[PDB]
$ cat my_file.pdb   # PDB, C-alpha atoms
MODEL        1
ATOM      1  CA  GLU N   1      -4.290   2.928-191.987
ATOM      2  CA  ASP N   2      -5.674   0.023-194.066
ATOM      3  CA  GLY N   3      -4.719  -2.446-191.307
ATOM      4  CA  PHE N   4      -7.477  -0.899-189.196
ATOM      5  CA  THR N   5     -10.279  -1.300-191.742
ATOM      6  CA  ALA N   6     -13.167  -3.734-191.484
ATOM      7  CA  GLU N   7     -12.103  -5.705-194.626
ATOM      8  CA  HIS N   8      -8.576  -6.265-193.377
ATOM      9  CA  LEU N   9      -9.457  -6.883-189.701
ATOM     10  CA  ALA N  10     -11.993  -9.427-190.835
ATOM     11  CA  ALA N  11      -9.278 -11.509-192.634
ATOM     12  CA  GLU N  12      -6.759 -10.853-189.876
ATOM     13  CA  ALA N  13      -8.601 -12.512-186.992
ATOM     14  CA  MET N  14      -9.392 -15.869-188.662
ATOM     15  CA  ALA N  15      -8.225 -19.208-187.198
ATOM     16  CA  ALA N  16      -9.241 -22.723-188.302
ATOM     17  CA  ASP N  17     -10.666 -23.521-184.822
ATOM     18  CA  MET N  18     -12.624 -20.600-183.391
ATOM     19  CA  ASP N  19     -14.916 -22.696-181.205
ATOM     20  CA  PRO N  20     -15.254 -23.350-177.484
ATOM     21  CA  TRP N  21     -13.631 -26.542-176.191
ATOM     22  CA  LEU N  22     -14.994 -28.931-173.555
ATOM     23  CA  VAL N  23     -12.404 -29.193-170.856
ATOM     24  CA  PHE N  24     -11.558 -30.999-167.688
ATOM     25  CA  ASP N  25      -8.707 -29.167-165.991
ATOM     26  CA  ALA N  26      -7.120 -31.383-163.350
ATOM     27  CA  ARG N  27      -5.019 -28.470-162.010
ATOM     28  CA  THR N  28      -8.252 -26.800-161.056
ATOM     29  CA  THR N  29     -10.873 -29.509-160.611
ATOM     30  CA  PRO N  30     -10.706 -32.374-158.042
ATOM     31  CA  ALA N  31      -9.940 -35.723-159.646
ATOM     32  CA  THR N  32     -13.075 -37.149-158.055
ATOM     33  CA  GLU N  33     -15.216 -35.183-160.507
ATOM     34  CA  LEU N  34     -13.902 -36.809-163.687
ATOM     35  CA  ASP N  35     -16.467 -39.607-163.908
ATOM     36  CA  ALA N  36     -19.554 -37.360-163.914
ATOM     37  CA  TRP N  37     -17.787 -35.304-166.611
ATOM     38  CA  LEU N  38     -16.883 -38.344-168.728
ATOM     39  CA  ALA N  39     -20.493 -39.492-168.370
ATOM     40  CA  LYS N  40     -21.993 -36.145-169.300
ATOM     41  CA  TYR N  41     -19.697 -35.470-172.294
ATOM     42  CA  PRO N  42     -18.879 -38.640-174.187
ATOM     43  CA  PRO N  43     -17.178 -38.060-177.597
ATOM     44  CA  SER N  44     -19.757 -40.189-179.345
ATOM     45  CA  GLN N  45     -22.549 -37.912-178.190
ATOM     46  CA  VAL N  46     -20.825 -34.508-178.282
ATOM     47  CA  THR N  47     -21.004 -33.093-181.794
ATOM     48  CA  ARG N  48     -18.634 -30.798-183.661
ATOM     49  CA  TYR N  49     -21.584 -28.534-184.418
ATOM     50  CA  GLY N  50     -23.820 -28.919-181.348
ATOM     51  CA  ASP N  51     -26.555 -30.761-183.279
ATOM     52  CA  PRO N  52     -29.980 -31.344-181.648
ATOM     53  CA  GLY N  53     -29.701 -34.345-179.306
ATOM     54  CA  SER N  54     -26.154 -33.535-178.176
ATOM     55  CA  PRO N  55     -25.113 -32.556-174.630
ATOM     56  CA  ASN N  56     -23.716 -29.430-176.266
ATOM     57  CA  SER N  57     -25.791 -26.821-178.154
ATOM     58  CA  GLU N  58     -22.645 -24.839-179.097
ATOM     59  CA  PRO N  59     -20.066 -26.123-181.595
ATOM     60  CA  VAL N  60     -17.037 -27.675-179.914
ATOM     61  CA  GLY N  61     -13.606 -27.922-181.494
ATOM     62  CA  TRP N  62     -12.103 -30.415-179.071
ATOM     63  CA  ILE N  63     -12.773 -32.265-175.822
ATOM     64  CA  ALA N  64      -9.625 -31.997-173.698
ATOM     65  CA  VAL N  65      -8.079 -33.175-170.444
ATOM     66  CA  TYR N  66      -5.179 -31.386-168.761
ATOM     67  CA  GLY N  67      -3.078 -33.061-166.096
ATOM     68  CA  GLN N  68      -1.306 -31.437-163.175
ATOM     69  CA  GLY N  69       1.931 -29.761-164.190
ATOM     70  CA  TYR N  70       0.567 -29.020-167.645
ATOM     71  CA  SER N  71       1.892 -25.763-168.974
ATOM     72  CA  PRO N  72       2.088 -24.350-172.430
ATOM     73  CA  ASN N  73       5.595 -24.644-173.755
ATOM     74  CA  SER N  74       6.593 -24.236-177.329
ATOM     75  CA  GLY N  75      10.234 -23.649-178.033
ATOM     76  CA  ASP N  76      11.064 -20.999-180.563
ATOM     77  CA  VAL N  77       8.446 -21.511-183.238
ATOM     78  CA  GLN N  78       9.374 -18.215-184.879
ATOM     79  CA  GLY N  79      13.077 -19.126-185.216
ATOM     80  CA  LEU N  80      12.055 -22.578-186.500
ATOM     81  CA  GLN N  81       9.886 -21.272-189.326
ATOM     82  CA  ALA N  82      12.649 -18.787-190.246
ATOM     83  CA  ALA N  83      15.217 -21.607-190.240
ATOM     84  CA  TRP N  84      12.878 -23.893-192.237
ATOM     85  CA  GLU N  85      12.264 -21.502-195.082
ATOM     86  CA  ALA N  86      16.019 -20.727-195.240
ATOM     87  CA  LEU N  87      16.523 -24.392-196.289
ATOM     88  CA  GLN N  88      14.174 -24.258-199.281
ATOM     89  CA  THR N  89      16.425 -21.575-200.819
ATOM     90  CA  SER N  90      19.494 -23.562-199.698
ATOM     91  CA  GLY N  91      18.988 -26.303-202.290
ATOM     92  CA  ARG N  92      20.348 -28.441-199.383
ATOM     93  CA  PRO N  93      18.875 -31.942-198.728
ATOM     94  CA  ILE N  94      15.810 -32.139-196.441
ATOM     95  CA  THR N  95      15.566 -35.377-194.455
ATOM     96  CA  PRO N  96      13.774 -36.502-191.255
ATOM     97  CA  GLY N  97      17.298 -36.060-189.904
ATOM     98  CA  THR N  98      17.321 -32.365-190.771
ATOM     99  CA  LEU N  99      13.935 -31.740-189.116
ATOM    100  CA  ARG N 100      15.148 -33.523-186.027
ATOM    101  CA  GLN N 101      18.045 -31.054-186.071
ATOM    102  CA  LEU N 102      15.764 -28.019-186.392
ATOM    103  CA  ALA N 103      13.555 -29.095-183.517
ATOM    104  CA  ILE N 104      16.509 -29.688-181.188
ATOM    105  CA  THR N 105      17.947 -26.219-181.935
ATOM    106  CA  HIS N 106      14.593 -24.460-181.585
ATOM    107  CA  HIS N 107      13.365 -26.478-178.578
ATOM    108  CA  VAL N 108      10.169 -27.458-180.426
ATOM    109  CA  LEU N 109      10.233 -31.018-179.080
ATOM    110  CA  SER N 110       6.665 -32.006-178.234
ATOM    111  CA  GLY N 111       4.475 -34.371-180.177
ATOM    112  CA  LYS N 112       1.426 -36.546-180.067
ATOM    113  CA  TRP N 113       0.305 -40.142-180.388
ATOM    114  CA  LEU N 114      -2.729 -40.247-182.646
ATOM    115  CA  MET N 115      -5.261 -42.972-183.100
ATOM    116  CA  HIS N 116      -8.736 -43.108-184.678
ATOM    117  CA  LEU N 117     -11.971 -44.941-183.872
ATOM    118  CA  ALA N 118     -15.602 -44.880-185.032
ATOM    119  CA  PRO N 119     -18.149 -43.322-182.676
ATOM    120  CA  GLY N 120     -19.658 -45.595-180.070
ATOM    121  CA  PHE N 121     -18.614 -47.652-177.100
ATOM    122  CA  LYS N 122     -15.050 -48.352-178.065
ATOM    123  CA  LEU N 123     -14.325 -44.693-178.567
ATOM    124  CA  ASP N 124     -16.013 -43.671-175.306
ATOM    125  CA  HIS N 125     -14.225 -46.442-173.366
ATOM    126  CA  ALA N 126     -10.820 -45.630-174.797
ATOM    127  CA  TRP N 127     -11.304 -41.917-174.180
ATOM    128  CA  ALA N 128     -12.393 -42.611-170.573
ATOM    129  CA  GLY N 129      -9.250 -44.603-169.787
ATOM    130  CA  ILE N 130      -6.972 -42.059-171.463
ATOM    131  CA  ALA N 131      -8.675 -39.182-169.615
ATOM    132  CA  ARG N 132      -8.235 -41.133-166.385
ATOM    133  CA  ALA N 133      -4.551 -41.642-167.073
ATOM    134  CA  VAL N 134      -4.150 -37.859-167.609
ATOM    135  CA  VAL N 135      -5.819 -37.051-164.307
ATOM    136  CA  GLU N 136      -3.554 -39.499-162.392
ATOM    137  CA  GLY N 137      -0.418 -37.981-163.874
ATOM    138  CA  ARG N 138       0.627 -40.860-166.088
ATOM    139  CA  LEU N 139      -0.089 -38.613-169.060
ATOM    140  CA  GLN N 140       0.062 -34.845-169.281
ATOM    141  CA  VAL N 141      -2.605 -33.948-171.905
ATOM    142  CA  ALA N 142      -5.142 -35.639-174.118
ATOM    143  CA  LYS N 143      -7.784 -34.476-176.583
ATOM    144  CA  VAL N 144     -10.483 -36.378-178.500
ATOM    145  CA  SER N 145     -12.332 -34.911-181.517
ATOM    146  CA  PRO N 146     -16.134 -34.554-181.360
ATOM    147  CA  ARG N 147     -18.655 -36.207-183.575
ATOM    148  CA  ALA N 148     -19.096 -35.156-187.182
ATOM    149  CA  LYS N 149     -22.649 -34.855-188.587
ATOM    150  CA  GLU N 150     -22.273 -38.018-190.679
ATOM    151  CA  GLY N 151     -20.652 -41.262-189.437
ATOM    152  CA  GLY N 152     -17.014 -40.205-189.500
ATOM    153  CA  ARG N 153     -14.049 -41.369-187.492
ATOM    154  CA  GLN N 154     -12.795 -39.601-184.414
ATOM    155  CA  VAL N 155      -9.239 -39.136-183.113
ATOM    156  CA  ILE N 156      -7.627 -39.241-179.758
ATOM    157  CA  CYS N 157      -4.355 -37.298-179.265
ATOM    158  CA  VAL N 158      -2.010 -38.006-176.426
ATOM    159  CA  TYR N 159       0.744 -35.458-175.971
ATOM    160  CA  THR N 160       4.305 -36.035-174.816
ATOM    161  CA  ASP N 161       6.790 -33.187-174.372
ATOM    162  CA  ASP N 162       9.945 -34.578-175.995
ATOM    163  CA  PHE N 163       9.890 -36.835-179.036
ATOM    164  CA  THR N 164      13.612 -37.498-178.921
ATOM    165  CA  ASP N 165      13.092 -39.124-175.515
ATOM    166  CA  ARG N 166      12.458 -42.757-176.550
ATOM    167  CA  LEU N 167      11.437 -43.705-172.993
ATOM    168  CA  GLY N 168       8.815 -40.962-172.544
ATOM    169  CA  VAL N 169       7.406 -41.904-175.923
ATOM    170  CA  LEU N 170       7.048 -45.544-174.802
ATOM    171  CA  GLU N 171       5.599 -44.773-171.393
ATOM    172  CA  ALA N 172       2.824 -42.908-173.131
ATOM    173  CA  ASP N 173       2.381 -45.963-175.360
ATOM    174  CA  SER N 174       2.284 -48.196-172.243
ATOM    175  CA  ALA N 175      -0.369 -45.993-170.694
ATOM    176  CA  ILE N 176      -2.546 -46.061-173.810
ATOM    177  CA  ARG N 177      -2.195 -49.879-173.998
ATOM    178  CA  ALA N 178      -2.977 -50.288-170.255
ATOM    179  CA  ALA N 179      -6.301 -48.503-170.938
ATOM    180  CA  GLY N 180      -7.048 -51.391-173.303
ATOM    181  CA  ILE N 181      -6.631 -49.627-176.633
ATOM    182  CA  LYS N 182      -5.725 -52.213-179.274
ATOM    183  CA  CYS N 183      -5.531 -50.087-182.387
ATOM    184  CA  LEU N 184      -2.703 -48.504-184.298
ATOM    185  CA  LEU N 185      -0.981 -45.485-182.819
ATOM    186  CA  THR N 186       1.123 -43.189-184.977
ATOM    187  CA  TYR N 187       3.387 -40.572-183.434
ATOM    188  CA  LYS N 188       3.541 -37.154-185.137
ATOM    189  CA  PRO N 189       5.997 -34.561-183.673
ATOM    190  CA  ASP N 190       4.776 -30.937-183.441
ATOM    191  CA  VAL N 191       7.631 -29.747-185.659
ATOM    192  CA  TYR N 192       6.165 -31.677-188.602
ATOM    193  CA  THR N 193       2.830 -29.996-187.807
ATOM    194  CA  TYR N 194       4.332 -26.483-187.508
ATOM    195  CA  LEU N 195       6.383 -26.782-190.681
ATOM    196  CA  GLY N 196       3.313 -28.106-192.567
ATOM    197  CA  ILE N 197       4.682 -31.632-193.085
ATOM    198  CA  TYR N 198       1.227 -33.010-193.922
ATOM    199  CA  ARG N 199       0.112 -36.330-195.495
ATOM    200  CA  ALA N 200       0.462 -35.515-199.238
ATOM    201  CA  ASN N 201       3.964 -34.159-198.901
ATOM    202  CA  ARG N 202       5.898 -31.647-200.995
ATOM    203  CA  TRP N 203       9.276 -32.880-199.729
ATOM    204  CA  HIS N 204       7.933 -36.470-199.698
ATOM    205  CA  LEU N 205       8.862 -36.813-196.022
ATOM    206  CA  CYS N 206       6.923 -39.329-193.934
ATOM    207  CA  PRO N 207       4.689 -37.354-191.497
ATOM    208  CA  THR N 208       4.977 -40.154-188.868
ATOM    209  CA  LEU N 209       7.985 -40.902-186.644
ATOM    210  CA  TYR N 210       6.833 -44.006-184.743
ATOM    211  CA  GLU N 211       3.984 -46.457-185.052
ATOM    212  CA  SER N 212       2.656 -48.890-182.474
ATOM    213  CA  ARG N 213       0.586 -51.956-183.298
ATOM    214  CA  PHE N 214      -0.872 -54.457-180.853
ATOM    215  CA  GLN N 215       0.540 -57.842-182.060
ATOM    216  CA  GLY N 216       1.716 -57.099-177.530
ATOM    217  CA  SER N 217       2.896 -53.538-178.279
ATOM    218  CA  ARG N 218       5.556 -53.388-181.027
ATOM    219  CA  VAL N 219       6.891 -49.874-181.570
ATOM    220  CA  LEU N 220       8.606 -49.325-184.913
ATOM    221  CA  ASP N 221      10.938 -46.375-185.577
ATOM    222  CA  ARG N 222       9.806 -45.311-189.055
ATOM    223  CA  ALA N 223      12.977 -43.155-189.300
ATOM    224  CA  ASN N 224      15.779 -45.702-188.652
ATOM    225  CA  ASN N 225      13.544 -48.730-189.342
ATOM    226  CA  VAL N 226      14.150 -50.219-185.836
ATOM    227  CA  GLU N 227      11.908 -51.824-183.154
ATOM    228  CA  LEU N 228      12.174 -49.705-179.953
TER     229      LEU N 228
ENDMDL
END

$ encode --input "my_file.pdb" --output "structure tokens"
Amino acid sequence: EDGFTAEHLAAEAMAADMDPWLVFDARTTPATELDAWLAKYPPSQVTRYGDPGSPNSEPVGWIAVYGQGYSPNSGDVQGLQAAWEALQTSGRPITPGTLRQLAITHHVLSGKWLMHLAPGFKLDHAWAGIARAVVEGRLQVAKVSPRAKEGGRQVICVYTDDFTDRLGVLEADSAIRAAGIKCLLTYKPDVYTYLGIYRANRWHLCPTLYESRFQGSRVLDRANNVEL
């Protein structure tokens, strides 16, 4: 019964993020309370490790805001990973087109707009507006990463549920832009993330579907090379 030993059970229960998260749950907390929460927990003050001087004395993996109607839904992540590894043995060609296929089959359709900023006002102000858009129902979920010990750059993630829905992608872009964010957004679908389609790529696939630059907002399909 090796699976029950200390050695094994130690390795078995590891995750990359084992930390508490700072959360505003709109489904559960009145919208009117957001501003005291935003004020108490800004991402430029809240540290990854709960350093002296932070609002938090415990390490924090993420700061998150959940809108009403937020529910977990993955499709069939198991089937997907099975199907994905079946293609490596296939010899078959692997394109952004083939991953799109996989995700449609397995109902793993969600994804995120990512953007990064350096700690300080612009990060706090952008976060605040994005949080506010979650709580109103214009966005479903957003997270922002807490502050690293040394300078660093922090990310904001804005989730949408279906990446093949051009219009839901753009509405999330519109919402981010209406909060006054001027920087580059890049849209990474959860499939890429689940199938480990990271930056330095084995299959040399681009880990980014869309990008959005403030010119206005021009949204480029990095798959078909076409302005949405």

$ resolve_selection --input "my_file.pdb" --expression "the PyMOL selection byres ((chain N and resi 133) around 12)" --output "ChimeraX atom specification"
/N:26,31,34,65-68,126-132,134-142,158,171-180

$ resolve_selection --input "my_file.pdb" --expression "the PyMOL selection byres ((chain N and resi 188-203) around 8)" --output "number ranges by chain"
N: 77, 81, 84, 94, 99, 103, 108-114, 163, 186-187, 204-210

$ closest_residue --input "my_file.pdb" --among "N:11, N:18, N:97, N:125" --to "residue 35 in chain N" --atoms "all atoms listed in the file"
N:125

$ closest_residue --input "my_file.pdb" --among "N:95, N:145, N:73, N:154" --to "residue 223 in chain N" --atoms "only C-alpha atoms"
N:95

$ residues_around --input "my_file.pdb" --residues "range 42-57 of chain N" --least-positions-apart "6" --cutoff "12 Å" --atoms "only C-alpha atoms" --output "PyMOL selection string"
chain N and resi 17-23+34-36+63-64+117-128+131+143-156

$ resolve_selection --input "my_file.pdb" --expression "the PyMOL selection byres ((chain N and resi 213) around 8)" --output "JSON, numbers by chain"
{"N": [182, 183, 184, 185, 211, 212, 214, 215, 216, 217, 218, 219]}

$ closest_residue --input "my_file.pdb" --among "N:157, N:61, N:100, N:170" --to "residue 16 in chain N" --atoms "all atoms listed in the file"
N:61

$ axis_aligned_box --input "my_file.pdb" --around "range 26-42 of chain N" --padding-each-side "3 Å" --output "JSON"
{"center_x": -13.5, "center_y": -33.2, "center_z": -166.1, "size_x": 23.0, "size_y": 18.8, "size_z": 22.1}

$ closest_residue --input "my_file.pdb" --among "N:160, N:7, N:83, N:78" --to "residue 102 in chain N" --atoms "only C-alpha atoms"
N:83

$ atom_distance --input "my_file.pdb" --atom1 "CA of residue 25 in chain N" --atom2 "CA of residue 38 in chain N"
12.6 Å

$ atom_distance --input "my_file.pdb" --atom1 "CA of residue 225 in chain N" --atom2 "CA of residue 88 in chain N"
26.4 Å
